[PDB]
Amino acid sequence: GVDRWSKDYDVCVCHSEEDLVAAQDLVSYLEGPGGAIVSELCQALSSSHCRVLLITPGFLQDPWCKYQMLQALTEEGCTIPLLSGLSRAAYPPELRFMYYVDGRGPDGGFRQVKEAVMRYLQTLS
């Protein structure tokens, strides 16, 4: 129902400082009549339809990352946790009850992440 053009970006990737390269790859992977997916790294003032949480060891050890995760789940919305480089036993327990993409999927999860984003965009006017 929400207008696709009401935000400038379709998706941004929220990531810890030590996962920059990986985040960049995902951005690139997402960039490749509803047009291409407009993508960027999440920044303090980023406004996008979808937000990918690149949940890694680095992400888990930064309290601020955890806080950002909380802010992403306050909205109907589009938050896509991607679990990368972690034992499932160490996944955030909340995710036992939530949607997420396992990094052990195709293209390190990227594929499914992309699909999720596309799904969400198809619900936009």
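So that there is no doubt, residue numbering starts at 1 and follows the sequence shown.
- Missing coordinates between residue 75 and residue 76 amount to 4 to 9 residues of the deposited sequence.
- According to the entry, the stretch of the deposited sequence that connects residue 63 to residue 64 contains no residue lacking coordinates, so the chain runs unbroken between them.
- Remark: stretch with higher mean C-alpha B factor among 88-96 and 35-43 is 35-43.
- Looking at mean Cα B-factors across 78-86 and 65-73, the upper value is held by 65-73.
- The PDB entry assigns residue 103 a C-alpha temperature factor belonging to the lowest third of its chain's modelled residues.
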